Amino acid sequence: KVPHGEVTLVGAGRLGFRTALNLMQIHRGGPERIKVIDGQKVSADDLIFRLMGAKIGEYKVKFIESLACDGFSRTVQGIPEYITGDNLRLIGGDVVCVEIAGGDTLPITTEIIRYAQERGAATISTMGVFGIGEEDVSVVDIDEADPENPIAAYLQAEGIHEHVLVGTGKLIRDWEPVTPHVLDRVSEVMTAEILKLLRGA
């Protein structure tokens, strides 16, 4: 049982970086290729990166690529760009996981899931990653998801189907911030659901 299969991670911030580390450490299986796409640099406030050795001002993705040194047997590719309506061709592979934050992310998330499912990729993304540590992380297909969750509401109005959602279901409006423990939990679950989708391919 060797690696096979390509996972693209659009978004490699505090969450996506955890997802990348988890996928990169997989043995007896998991993906052969990991593509990570994010336009942002490591800042002072990115302690989880700096604690692992990233320098302030280094592209996120380039740090993550750097961990797959000469000899590493999976392929890790980082592309230091934001996904826009204009570079969807950066998206294919076998599974596409969207873990982006900042601004309004729903129209791009929708454009990413269409394009990828068009090309035959299974899709997964988050539905709220707020929490103080003591929240459950749940997983639901889009057509069972809570229609009061703004993320599910938006994706269901965009007529998205066969799309996995992970997270705590707490969002920016309500009071809880984002703690590292909640992100570790959501990352673990996300990794497990990516591997299920990878098997389905």
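Residue numbers run from 1 along the displayed sequence.
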Worksheet, complete the sentence: Stretch with higher mean Cα temperature factor, 150-158 vs 167-175, is 167-175
Item to complete: Tell me which of 182-190 and 20-28 has the higher mean C-alpha B-factor in the deposited entry.
Response: 20-28
Worksheet, complete the sentence: Residue set 123, 73, 77, 126, per-entry CA B-factor max assigned to 73
Practice prompt. Name the one of 38, 135, 65, 141 with the greatest CA B-factor according to the PDB entry.
Written response: 135
Practice prompt. Could you say whether, by C-alpha temperature factor, residue 113 belongs to the lowest, middle or highest third of its chain?
Written response: middle
Discussion item. Which third, lowest, middle or highest, does the C-alpha temperature factor of residue 91 belong to within its own chain?
Written reply: highest
Discussion item. Can you tell me whether residue 60 has a C-alpha B-factor in the lowest, middle or highest third compared with the other modelled residues of the same chain?
Written reply: lowest
Item to complete: Determine, from the deposited record, the chain-internal third of the Cα B-factor for residue 83: lowest, middle or highest.
Response: middle
